[PDB]
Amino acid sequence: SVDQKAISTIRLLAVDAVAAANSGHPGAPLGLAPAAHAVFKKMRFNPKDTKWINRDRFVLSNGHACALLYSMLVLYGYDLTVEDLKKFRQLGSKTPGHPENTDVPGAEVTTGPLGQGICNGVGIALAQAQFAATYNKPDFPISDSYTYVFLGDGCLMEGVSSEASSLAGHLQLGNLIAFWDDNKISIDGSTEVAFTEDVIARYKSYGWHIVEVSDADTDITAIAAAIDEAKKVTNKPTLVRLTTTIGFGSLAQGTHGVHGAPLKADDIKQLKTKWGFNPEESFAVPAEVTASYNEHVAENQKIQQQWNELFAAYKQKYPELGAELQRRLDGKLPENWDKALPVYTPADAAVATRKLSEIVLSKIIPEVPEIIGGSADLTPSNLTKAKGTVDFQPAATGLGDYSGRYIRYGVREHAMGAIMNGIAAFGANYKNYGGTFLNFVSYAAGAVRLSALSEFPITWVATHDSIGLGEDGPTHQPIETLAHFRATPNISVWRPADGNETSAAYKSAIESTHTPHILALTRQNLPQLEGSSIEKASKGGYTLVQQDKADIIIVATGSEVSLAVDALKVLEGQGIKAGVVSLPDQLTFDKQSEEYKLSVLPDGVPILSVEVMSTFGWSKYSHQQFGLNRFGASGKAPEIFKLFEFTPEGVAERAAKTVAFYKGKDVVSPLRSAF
């Protein structure tokens, strides 16, 4: 049949791609080709409009199997060709060894790190439910799409998927349909060596629906029926158990050796002949397969055409919502939304930056409907919920509604991070955030790094940034955390010192389209600074106190800017004139012009950094660094600062030593380099 020919075509494209690269993973593509064929036949999508907001989404969570995904995209006429398949795993190609959303048309997210994709699917489905609840009206199903996810044993072993699966079951996400590649083989061999749990019983315990397909090597009728069954269960996510043979058809099928290395040439020949293909030919695409797939594309394009007319009629019937939806699909924030950002003066009271963050959210959430977010069981400590908003919950629970804007993530930082990536991936201008303590953002590093690589504008509201949190002690107090994330490409790490800087940090985070943000916020109160503004803090680094005859410049962030200002006064009494630079975001600063940066960190003056955490990175901006390179302590926060000499006198002492160290030396800006 044509279906059988399509499945063989998919299998052989994937094998041939791996063969051409002499690198990659043929086993799961061989095993999952029937399911991929069946799922894509049920999916609504437009290869010529990858951003249609009512498309079904597909996520390959077992991203090593991406020769399968690329083969589907090529066969369906996405902007990816057989010539691209021939360049699988080659430098600069559109077919990298794991899928990258920035590079691969039709890759919704970046996978390869196991466990992430299923969580991203949870986030796509969460966003779809919120979006539909916000916009759909009687006779206007603006959003009714599904989220289809493939995942393997490795994804099911990774704890992040347990977190997201528990939460997705709680949230009754009925448009999520996941498929487990139940092939009983991982890199170390049989799953009997390490993974003997009853997966289906576990998924039932989360409140998922289950469908089992015992012969998923051939039974596409049952796979299609499982999708239809899943669509009838509107209040539970579904797991479809696909019992497959890894490497189906290979001489080496059912073995770990077929997971992750190219097949032998004679094996590929026998695959081809058993399936009616020419063993002398590679990258074959039978025209009848193209014709069949083109029929489905044409039907999907007519569905999108009708959706466009539905949307036009929606704008006439619901003018306000229609204009809001249009603006979001255009990628534009509300005009002058930033006029809602709070502004402060030096006469205003001292406030912790966690509380300033609460106040920002309170003002901007009503103005910007595409902001949603939550906390990982730290809502009353991170201060992440705007009073009066409703939680995102299924209405059946009585605890919220899908139109809600605040997500109770539970104690699930890693899944929160990956779910945030999925919400961003949904599109529609979602600007979404997640609260935890800065030290526990580290639990989510796997997902945070992918926010950066995937270029998603997600935001971590990362409170309790330092030893300033006090008594909870060193298991809670960051030391290495900012260095870790600043050292990751494409992460804006804001550490605002006061009210105006906190507003600048949010302006950046919400306006972002390609850069994730981490906002490092305090438990303890900080004064409003003389010289701060949204305008200057938006530059990432700025001169807070200008001193034309400076003996030293002190560059600082966050809670240490006020400390630097107090140290300047101590230094005055010692006959030393200091300037102060505030550096709320190193990435934003780095992106400013060379001349702007040199105006902040000029030649001819020693520069001392002050930040109560690791000194790593700080030599970009300073000659000497005063930081904290040891773990913290459990005690009242002011006593910890005193212990470590983060006091006006301790800063002044180190500043005076810095001035003395450079006496008789020629000093150039830390911004200069040899290459």
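In this text, rigid core is short for the largest set of C-alphas that superpose within 1.5 Å between two forms. Numbering starts at 1 and runs along the sequence shown.
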| Divergent stretch in 7 other deposited structures of this protein, 380-388 or 358-366 [C-alpha RMS, superposed by the core] | 380-388
| field | Farther-lying stretch by C-alpha RMS in 7 other deposited structures of this protein, rigid core as reference, of 168-176 and 371-379 | value | 371-379
| So which stretch wins on mean C-alpha B-factor, 238-246 or 316-324? | 316-324
| remark: Between 344-352 and 108-116, the record assigns the higher mean Cα B factor to 344-352
| Maximum C-alpha temperature factor, selected from 287, 164, 376, 518 | 287
| message | Out of 411, 447, 155, 265, whose C-alpha atom has the biggest B factor in the entry? | response | 265
| task | Please rank the C-alpha B-factors of the chain's modelled residues and tell me whether residue 620 sits in the lowest, middle or highest third. | result | middle
| said: Can you tell me whether residue 78 has a C-alpha B-factor in the lowest, middle or highest third compared with the other modelled residues of the same chain? | reply: middle
| remark: Temperature factor at the Cα of residue 170, chain-ranked in thirds, falls in the lowest
| remark: Quick tally, chain-level thirds of C-alpha B-factors: residue 487 sits in the lowest
| said: Ranking the modelled residues of this chain by C-alpha B-factor as given in the entry, is residue 435 in the lowest, middle or highest third? | reply: lowest
